[PDB]
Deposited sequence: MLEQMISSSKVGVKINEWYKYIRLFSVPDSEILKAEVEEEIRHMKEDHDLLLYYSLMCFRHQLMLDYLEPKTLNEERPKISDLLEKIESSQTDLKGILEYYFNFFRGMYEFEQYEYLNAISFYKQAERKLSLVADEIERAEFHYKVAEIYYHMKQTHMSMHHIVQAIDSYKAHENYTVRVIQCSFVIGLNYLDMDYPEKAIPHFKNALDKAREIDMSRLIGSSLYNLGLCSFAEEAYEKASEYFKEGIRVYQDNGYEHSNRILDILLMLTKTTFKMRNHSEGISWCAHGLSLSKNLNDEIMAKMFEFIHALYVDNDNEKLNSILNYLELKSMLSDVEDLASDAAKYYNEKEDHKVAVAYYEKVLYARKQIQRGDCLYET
């Protein structure tokens, strides 16, 4: 009965995409009881699903390399939709490890076999993960192309509220990347209301963070700090004290408190973020708190350029542009127009690289 268990793996995937944890645990136990007395590469499909299941668990509540060992072991002569799941899931994992070059390579290999995918929901999953990594790479038009396909499929179906809220995140954030904050606030707000409907604390705090990015773009720095403070509260009050994404909120608050000329609170916030970033062992976010410190405290420019180059070798030209924007503006306000020239030039370089 190899088809009966592969069918149950399909249902396991369906409950994974629906973010139904009890159903996912039920079908994990059912399938695992079948694997013992079973006749293929089905063991890879099972392992592939154990991998995807783990990514859902990690997202809900913060090793995996053992599952990567069973995935990377004996992948000889792949074909069909199993090859699609292979490249797609490996791309999701590479995206979670700040490996953008590899995640894009895997996503494109999963895209070649997309006609093998019959479920509109599964294609919506692919389109959303591709639009996500395209927003992070600031390929705004490509990200919009994929995100509208994904959200149309999700909204056509029911109970995919979590994935629709994330699609609202991507849509609004691309509008924000086009200097349209008032066009991005409706989507972030809509996602916030639906985030408190399913009582998804992580999504609520992320909605507060994106809305604060809108107030930051409009230079309403107090309202931005309000969103950042309440997002930090929501994260560190609901079991998300050690989730890496909370650093993105602390970091923005560090800029905002620093921009409001509150040097002391900014000193403390940059310290909170640098310490927690070292604790969670995230070198990327750590060097980004190092930039804000070297810029807003002791004006260390060689350190700024060392960090900007580091961030470029990680293919994170978006964060390179954001930080060079911070430095060029800060030095321009201090009448230091020579070094302000240098960092505005780096913003131009990053924008051209993104193309």
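Asker: Taking the deposited sequence as numbered from 1, list the residue ranges that were left without C-alpha coordinates.
Answerer: Those stretches are 1 to 6, 46 to 47, 71 to 78, 372 to 379, listed in order.
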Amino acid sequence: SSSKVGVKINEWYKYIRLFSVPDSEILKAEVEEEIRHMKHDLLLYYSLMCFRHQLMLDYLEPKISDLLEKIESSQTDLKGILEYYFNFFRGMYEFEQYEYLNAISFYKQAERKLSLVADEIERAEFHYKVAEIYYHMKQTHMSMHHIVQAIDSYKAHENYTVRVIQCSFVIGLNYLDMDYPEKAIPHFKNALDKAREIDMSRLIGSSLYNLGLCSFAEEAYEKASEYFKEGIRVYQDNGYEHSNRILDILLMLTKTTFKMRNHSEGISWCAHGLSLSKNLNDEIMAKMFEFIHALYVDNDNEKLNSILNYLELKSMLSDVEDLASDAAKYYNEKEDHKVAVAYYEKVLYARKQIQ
From here on, numbers count along this sequence of modelled residues.
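Asker: Would you determine, from the values in the PDB entry, which of 256 to 264 and 91 to 99 has the greater average C-alpha temperature factor?
Answerer: Mean C-alpha B-factor is greater for 256 to 264.
Asker: Which wins on mean Cα temperature factor, 111 to 119 or 193 to 201?
Answerer: Comparing 111 to 119 with 193 to 201, the higher mean C-alpha B-factor belongs to 193 to 201.
Asker: When you compare the CA B-factors of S105, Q166, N159, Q149 as listed in the entry, which one comes out on top?
Answerer: The listed residue with the largest C-alpha B-factor is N159.
Asker: Between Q139, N244, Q75, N210, which carries the biggest CA temperature factor in the record?
Answerer: Spelled out: the listed residue with the top C-alpha B-factor is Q75.
Asker: Sorting the chain's CA B-factors, does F216 end up in the lowest, middle or highest third?
Answerer: Its C-alpha B-factor, which the entry lists for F216, ranks in the middle third among residues of this chain.
Asker: According to the PDB entry, is the CA B factor of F188 in the bottom, middle or top third of its chain, that is, lowest, middle or highest?
Answerer: Middle third by C-alpha B-factor.
Asker: Can you work out whether the C-alpha temperature factor of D282 puts it in the lowest, middle or highest third of the chain?
Answerer: As the PDB entry reports it, the C-alpha B-factor of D282 lands in the middle third of its chain.
Asker: Ordered by C-alpha B-factor within the chain, which third holds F126? Give me lowest, middle or highest, please.
Answerer: For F126, whose C-alpha B-factor we compare with every modelled residue in the chain, the answer is the lowest third.
Asker: Please rank the C-alpha B-factors of the chain's modelled residues and tell me whether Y240 sits in the lowest, middle or highest third.
Answerer: Its C-alpha B-factor belongs to the highest third of this chain's values.
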